[PDB]
Undergrad: 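Have a look at the structure that comes next, please.
Below, chain A is the first sequence line, B the second, and so on; all start at residue 1.
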Amino acid sequence: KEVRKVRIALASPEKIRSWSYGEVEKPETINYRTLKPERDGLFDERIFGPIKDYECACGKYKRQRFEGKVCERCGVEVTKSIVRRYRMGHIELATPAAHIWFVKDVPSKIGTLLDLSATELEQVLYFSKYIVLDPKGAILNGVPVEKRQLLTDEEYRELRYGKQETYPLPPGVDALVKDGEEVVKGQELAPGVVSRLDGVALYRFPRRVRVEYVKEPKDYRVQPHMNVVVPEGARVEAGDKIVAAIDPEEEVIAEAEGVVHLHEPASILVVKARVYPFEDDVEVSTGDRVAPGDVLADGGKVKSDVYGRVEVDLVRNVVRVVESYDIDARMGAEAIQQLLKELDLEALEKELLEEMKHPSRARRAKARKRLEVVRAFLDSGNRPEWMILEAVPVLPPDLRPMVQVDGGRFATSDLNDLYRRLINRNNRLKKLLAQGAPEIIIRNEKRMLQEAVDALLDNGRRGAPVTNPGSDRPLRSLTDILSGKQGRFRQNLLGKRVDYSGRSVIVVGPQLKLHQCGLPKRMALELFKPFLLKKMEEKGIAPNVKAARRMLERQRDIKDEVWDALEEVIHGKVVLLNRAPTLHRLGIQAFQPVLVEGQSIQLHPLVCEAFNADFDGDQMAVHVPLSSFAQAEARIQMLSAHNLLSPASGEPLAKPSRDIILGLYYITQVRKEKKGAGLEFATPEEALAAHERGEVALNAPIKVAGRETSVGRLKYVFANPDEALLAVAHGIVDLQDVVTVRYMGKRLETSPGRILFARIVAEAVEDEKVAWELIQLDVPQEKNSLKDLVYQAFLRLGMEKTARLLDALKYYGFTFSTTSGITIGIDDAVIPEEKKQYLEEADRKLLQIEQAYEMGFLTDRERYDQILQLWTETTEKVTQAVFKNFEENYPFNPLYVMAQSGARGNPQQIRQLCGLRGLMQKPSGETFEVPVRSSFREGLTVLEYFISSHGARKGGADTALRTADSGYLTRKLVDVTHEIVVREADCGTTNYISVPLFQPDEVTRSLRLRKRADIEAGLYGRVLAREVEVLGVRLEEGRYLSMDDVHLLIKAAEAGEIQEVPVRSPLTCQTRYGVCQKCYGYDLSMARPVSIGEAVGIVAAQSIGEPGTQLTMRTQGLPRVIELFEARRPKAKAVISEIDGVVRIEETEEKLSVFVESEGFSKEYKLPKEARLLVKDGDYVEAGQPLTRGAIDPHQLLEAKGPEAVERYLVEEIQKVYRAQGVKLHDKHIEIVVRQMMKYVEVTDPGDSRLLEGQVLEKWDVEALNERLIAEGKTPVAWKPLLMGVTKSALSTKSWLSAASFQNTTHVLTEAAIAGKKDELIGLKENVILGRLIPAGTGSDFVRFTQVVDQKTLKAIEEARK
DNA sequence: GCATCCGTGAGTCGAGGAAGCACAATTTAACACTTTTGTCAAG
DNA sequence: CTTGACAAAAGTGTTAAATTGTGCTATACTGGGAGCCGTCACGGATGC
Ligand SMILES: [Mg+2]
Ligand SMILES: [Mg+2]
Ligand SMILES: [Zn+2]
Ligand SMILES: [Zn+2]
């Protein structure tokens, strides 16, 4: 079957053991001598499979005949060695270990279910405090001990073993207390030592024993290696032992009868216990635990009266019960797993739901968070105790290989070292437990085992990272393998390295057609090698494919017919050319290769702008689509000649450029003379006669009788363009001379160059009548006029004729720029004579500013501002003087022509070359008082050059630090919008948006018509939601708006006939998981309605992010866009009115306050003194209308005005940044991203549903839920619109595969696993990860099942059946 | 409300690759021999 | 198709090296060692 969904869930110890083919019991990897895997180790063949196909370890089975067999000698299955990549083992832990993901991922899942703080969980898990599981009637400091109570180590010891203390008596002294006498706190035991607790006092080591013989206080000395064998106050018959020793020579016995008295204790032991004397055998033993009433000895004659630990003292023949309780308190994951197994999720949910009615919001907020985790376990079917590991899975050995390098050295992965540590510690703990080691040692081993598991799963998350000894590089754990820019997702699943790919330097191919590229022969030989081998065999070049491959291995073995065969292999095929960074989809284009000699790829000039490529050393990659589908898609969808318009704005993107523009501008610009320039005559005979006398120039404007003409128009009248260009060939007239020509039945007055341009377009499109309508004859052909020509040709003729026109424009532009005579010399940077006059004026005004400043008429700051204004004004005047000189005296100056035509440079750069450099800014942001008064032609001074370097470095640093921000933003946009596709023709919605044609300019306090570019960016290629009647023209509902329609609407607005246009937009589309054809509009790249199955989400992200690097960075620029897409609260946020009413300013010397007064309401706003109010007294302000200047908080705007208002604000404010930079971007692309930001709602009233108040879900889901509920007469859910940024919107998506591959992988995976989330594979990222066909383009269900059949077969099938 | 803390994020290709010994237990190697296998000429 | 010599071609069985695993030292010894350090954003969680 086909995979349709991917589910993630917790694995139980039972399931982990079902995966494993065996337990890894030893940390041995391979044998150091034979290099074979060690038995029971991390590379065992008996577990993970054979190392070579169909061959066991012992070498008894060596063929596939014994397939599925297991050798009895070695136990290795006889099968394929590839199973060694898929077969898992496991490690059986001596004690449970918590999974760090469900502990350290804030908020922890284990803590939330158990109601334990982050610190409390850590203290228990890492053996710092005990947690009570059974108090057993234990009292701690007069208070009963309760379950789930945390005990410190001292508290546990006091409760479990009691209170006791040893006081060392000074040598020689004798204690004031006897052995076995009860003491009270503060009592003095010895002359200088006082006890601190009440209990039985016991002599530890009596140094002197004083017996009393009866006939006599004989004494004996006690040494450390001796022990007394009798209790105090004992009658000893002559002969009985008294003090024992290692050597019987020093052993002490009693000569006669007496009473033994012990004196001089080494120390005093105070123990809180009850002493029970006995005579017969005791029924208990040391270490036993007893309760009140339990029999101790003498058949019930002596019984316990208190809880404690029973210890029998045979020397004193008494039973001591050290008062203590048998409390059950545990540390580590064994205790936590005990609590997690005892949880009743049914009971917990009921209690949480009851607490969901608490008046406090914090209590309900906490209850909702707990119940969301509880609900996840209840719904998914997972068990909370599965978050603690009893068996640890072991990765297949081939994914953590230990390989021998070409030099014989061994390389291994970090996972083997992490596995060995866990196995070594696990084995050691088992040995310690078998030895009955003390609790201190066991606790250290268990704490180390927990840490070893943590390092294996997520190294460095908790504590110091584990490093391999001899280095400080942290070991790479399982979490590091999956997360980050170098993880599995982004490095191996979302992108890959591919076969049939090449690379080389790119050079310009001017002779190529738009759809052609120059592919080196030696690159194409390797790229198409499998195809070439087949063709070589098909011909007689080689006998078979293997012989052909040997021929190609040696360069000197390649014959000349191999190149003929290669030419046949590539016939008709295309290749993909790729340049990094791929900012938009035009960074990959398909071309038909032309095999060329050399080693560099030839690139067509007209596609360089789309690739952002130049020829300073750039490189491109080459890719070969292999199947018929890949070749068809590349030739139809990705061919360069088919993508001529911009998907972002719909304007031409393959169009005339630097040299092409210059050559076409040069011929279409007319000459202007000054010799005559005014003389008036009576007849043309006189006017021409003066021309022969030299009094008037050919192109000097004159007036013959009443009309203004020139000599050329009167002297040279040509019957047709061919005659005019024949005269140009003979040198009679120039291309720039204005003469009279007869063309298309009209007696035009133009230059031969403009008539030549008209013929160029006419022949390219092969239509003289249509060509005449496409061009503007009476202007020089600059970048904008040539861009309009391409767009109009595309509309009227299509891709094929437009690509031909682009090829003809490129050819003639190149040809005419070579012979025109364009060059740059030092004298071409003409210095206006007005610069000297302006600088002298600035010196006088500056000297006058200093004079006033000396007189005190102004301060330092106003002196500083006035200086900057003076030099800012002078720079503008010098710029104007520079360009006024060019257009009057040097209209054909190379710098003027390049800037005027759009080929190169702008007025700012020309001023620095010809005028003055201007003012420079300090590193701190201030501007130097003294400007750079020299241009580049004159040459800066050393100090001026250094001062100018401050800004140059700052610009370079801004550019470097701006690429990372723009690239990061694009990735956020792609991940939030990647699932949006055009999925149907129409969603049936009746909603729409009104695009405003007028903008409320506040300075003039009135409405003013918006700019054409702004209106076009919001109207072009959009479906009219309602019928519109303007200027006698009826634009019916459902009509796509072309540029002509948009211009008609702008003309209607100019006449006061329409203020806004109702259109369909992605904001109001009702399609699920995408938009419909009617809500999107045109495919701006083709100027026609978008086709179903297009990934408009990806296009929108690339359109927005591509010009991201052109946004200034230095609340403005790219930072402004990033904040708007993240829905961040501005620091200097404006103040808006929550309700509508009249403003009443109460400004006072004490404070500033603004009052919005209504019929009954009076809202008060305390604004700061430095507040730039934009509303004065007596103004009727509506809800959400700003009162103070600044950026509006989108979340405050959403609450006050609504979803529509915030959506309009976000689109307009984002477009302002791009417009300020000259970038043209359709509103559709922003509205698609904004539609994703506003995709969620918050539950406020659950109604008759299981939703929790404050729960965040998708708007589509709640709407579907509400309609279902209403269908059955149940109260619907009341929700609240929600706004979130692109980052948060992408992470809260319903597909965990796409969210896990974005960022926050541990958090995404931990929540998905607990909930048992199932991924339906809806968007593009999920299908790319699994290598499936994406549900867009040719992979969309709308077009995927189309069938093609010819007439003959169709008739046979219909005939053969009917 | 609020600071303060921690945790996660920050463009793309390319090119650069320090015991020592004793002894027991286990494994490996080298014989030995018999037992297939592969040829041979026939027949 | 056999039919008997033949000869390596291989395997089975001891034996002895060669390798590997393991236990044991008796003056008295009793709590570690390396960072050190120029960024900025955000949530989100808690200390209350
Ligand atoms: Mg370059
Ligand atoms: Mg004439
Ligand atoms: Zn085997
Ligand atoms: Zn729609």
Side-chain angles (χ1 to χ4, degrees), chain A residues 26 28 31-34 36 38-39 58-60 100-101 104-108 111-112 116-120 122 362 365-366 369 403 405-407 409 411 440 444 458 460-464 467 472 479-480 483-485 487 490-491 494-498 501-506 577-584 587-588 611-613 617-623 957 959-975 1101-1102 1105-1106 1108-1109 1113 1118-1119 1122-1123 1125-1131 1195 1284-1292 1302-1308 1310:
Chain A
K26 296 183 180 181
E28 295 175 351
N31 186 290
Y32 84 113
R33 199 182 70 176
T34 76
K36 293 175 177 65
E38 295 268 28
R39 185 180 201 190
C58 77
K60 183 178 179 180
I100 188 170
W101 280 20
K104 302 302 307 301
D105 180 72
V106 298
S108 73
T112 300
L116 272 74
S117 176
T119 81
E120 301 175 275
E122 182 188 4
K366 184 177 179 180
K369 292 181 176 64
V403 55
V405 298
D406 188 74
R409 180 76 165 253
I440 311 185
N444 201 25
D458 192 354
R461 184 65 175 83
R462 189 264 184 190
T467 68
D472 57 4
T479 296
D480 306 328
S483 311
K485 166 148 48 180
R490 298 177 56 178
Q491 199 66 11
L494 300 177
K496 293 179 179 179
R497 293 192 178 270
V498 293
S501 62
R503 177 180 220 92
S504 180
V505 177
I506 61 173
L577 290 192
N578 180 18
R579 183 178 182 271
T582 314
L583 298 183
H584 56 180
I588 302 181
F611 282 111
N612 196 20
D618 292 332
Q619 303 183 59
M620 286 184 180
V622 191
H623 301 280
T959 291
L961 314 195
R962 183 178 41 190
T963 51
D965 301 4
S966 173
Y968 190 24
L969 172 64
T970 304
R971 186 160 189 274
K972 295 175 189 171
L973 289 184
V974 160
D975 295 332
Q1102 296 180 305
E1106 199 260 337
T1109 297
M1113 176 174 283
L1118 183 73
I1122 290 184
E1123 82 163 290
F1125 272 134
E1126 290 290 10
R1128 285 169 186 165
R1129 293 184 165 63
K1131 272 75 176 177
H1195 305 260
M1284 46 177 60
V1286 293
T1287 309
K1288 183 171 171 63
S1289 179
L1291 282 176
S1292 67
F1302 177 34
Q1303 73 171 220
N1304 263 97
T1305 304
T1306 301
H1307 184 75
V1308 167
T1310 190

Undergrad: Report the residues that fulfil side chain to side chain contact (heavy atoms under 4.5 Å, CB included) with A/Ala118, sequence neighbours left out, ordered by chain and then residue number.
TA: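 Expected list: none.
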
Undergrad: Check the interface with nucleotides 18-20 of chain C: list each N/O to N/O pair with the protein under 3.5 Å, or write none.
TA:
{"residue": "C/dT19", "atom": "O3'", "partner": "A/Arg33", "partner atom": "NH1", "Å": "3.4"}
{"residue": "C/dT20", "atom": "OP1", "partner": "A/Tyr32", "partner atom": "OH", "Å": "3.4"}
{"residue": "C/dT20", "atom": "OP2", "partner": "A/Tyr32", "partner atom": "OH", "Å": "2.8"}

Undergrad: Hey, what are the protein-to-nucleotides 10-19 of chain B N/O distances that come in under 3.5 Å?
TA:
{"residue": "B/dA10", "atom": "OP1", "partner": "A/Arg490", "partner atom": "NH1", "Å": "3.0"}
{"residue": "B/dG11", "atom": "OP1", "partner": "A/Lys485", "partner atom": "NZ", "Å": "2.5"}
{"residue": "B/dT12", "atom": "OP1", "partner": "A/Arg490", "partner atom": "NH2", "Å": "3.4"}
{"residue": "B/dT12", "atom": "OP2", "partner": "A/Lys485", "partner atom": "NZ", "Å": "3.0"}
{"residue": "B/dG14", "atom": "OP1", "partner": "A/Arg497", "partner atom": "NH1", "Å": "3.0"}
{"residue": "B/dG14", "atom": "OP2", "partner": "A/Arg497", "partner atom": "NH2", "Å": "3.3"}

Undergrad: What pairs with A/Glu1123 under side-chain hydrogen bond (donor to acceptor under 3.5 Å, both in side chains), at least two apart in sequence or on another chain?
TA: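 By the side-chain hydrogen bond (donor to acceptor under 3.5 Å, both in side chains) rule, A/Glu1123 matches A/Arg1120.
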
Undergrad: State which residues pass side-chain hydrogen bond (donor to acceptor under 3.5 Å, both in side chains) with A/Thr479; sequence neighbours excluded, sorted by chain then number.
TA: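 Testing A/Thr479 for side-chain hydrogen bond (donor to acceptor under 3.5 Å, both in side chains), a comparison that skips the adjacent residues, returns A/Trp101.
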
Undergrad: Based on Watson-Crick and G-U pairs with both distances under 3.5 Å, what dot-bracket line describes DNA chain C 5' to 3', crossing pairs as [ ] and inter-strand pairs as |?
TA: .|||||||||||||||||.||||||.............|.||||||||

Undergrad: Are the six-membered base rings of C/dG32 and C/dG33 centred less than 5.5 Å apart, with their planes inclined by less than 30 degrees?
TA: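 Yes, six-membered rings of the two bases stack.
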
Undergrad: Applying a cutoff of 5.5 Å on centroid distance plus 30° on plane angle, are these adjacent nucleotides, C/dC37 and C/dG38, stacked?
TA: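 So C/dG38 stacks onto its neighbour C/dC37: no.
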
Undergrad: Under 3.5 Å between N/O atoms: give me all the protein pairs with nucleotides 38-44 of chain C, atom names plus distance.
TA:
{"residue": "C/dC42", "atom": "OP1", "partner": "A/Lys1131", "partner atom": "NZ", "Å": "2.6"}
{"residue": "C/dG44", "atom": "OP1", "partner": "A/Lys1288", "partner atom": "NZ", "Å": "3.4"}

Undergrad: Could I get the full list of side-chain hydrogen bond (donor to acceptor under 3.5 Å, both in side chains) partners for A/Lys60, not counting sequence neighbours?
TA: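 A/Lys60: side-chain hydrogen bond (donor to acceptor under 3.5 Å, both in side chains) contacts with A/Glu72.
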
Undergrad: Mind checking the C1' distance from B/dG9 to C/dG44? Whole angstroms is fine.
TA: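 After rounding to an integer number of Å, I get 15 Å for this pair.
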
Undergrad: Provide the distance between the two P atoms, one in B/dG14 and one in C/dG33, to the nearest whole Å.
TA: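 My reading of the P atoms in B/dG14 and C/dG33 gives 48 Å.
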
Undergrad: Is the shortest side-chain heavy-atom distance between A/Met1284 and A/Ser1292 below 4.5 Å?
TA: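 Side-chain contact under 4.5 Å: yes.
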
Undergrad: In terms of the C1'-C2'-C3'-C4' torsion, is C/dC37 a north or a south sugar?
TA: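 Since its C1'-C2'-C3'-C4' torsion is positive, the sugar of C/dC37 is on the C3'-endo, or north, side.
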
Undergrad: Taking side-chain hydrogen bond (donor to acceptor under 3.5 Å, both in side chains) as the test, write out the residues that go with A/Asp458, two or more places apart.
TA: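 Once residues adjacent in sequence are excluded, A/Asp458 has no partner under the side-chain hydrogen bond (donor to acceptor under 3.5 Å, both in side chains) criterion.
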
Undergrad: If you sort sugars by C1'-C2'-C3'-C4', with positive as north and negative as south, where does B/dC31 go?
TA: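 Pucker flag: north.
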
Undergrad: Nearest to the side chain of A/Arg461, which nucleotide is it out of C/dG47, B/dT8, C/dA45?
TA: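 In terms of side-chain proximity for A/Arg461, the closest of C/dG47, B/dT8, C/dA45 is B/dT8.
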
Undergrad: If the condition is side chain to side chain contact (heavy atoms under 4.5 Å, CB included), which residues does A/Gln619 pass it with, not counting sequence neighbours?
TA: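 Counting only residues at least two positions away or on another chain, A/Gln619 forms a side chain to side chain contact (heavy atoms under 4.5 Å, CB included) with A/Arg503, A/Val505.
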
Undergrad: Could you list the residues that satisfy side chain to side chain contact (heavy atoms under 4.5 Å, CB included) with A/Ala411, not counting sequence neighbours?
TA: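 A/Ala411: side chain to side chain contact (heavy atoms under 4.5 Å, CB included) contacts with A/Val403, A/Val405.
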
Undergrad: Under the salt bridge (charged side-chain N to carboxylate O under 4.0 Å, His left out) test, which residues partner A/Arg1129, sequence neighbours left out?
TA: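 Expected list: A/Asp1193.
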
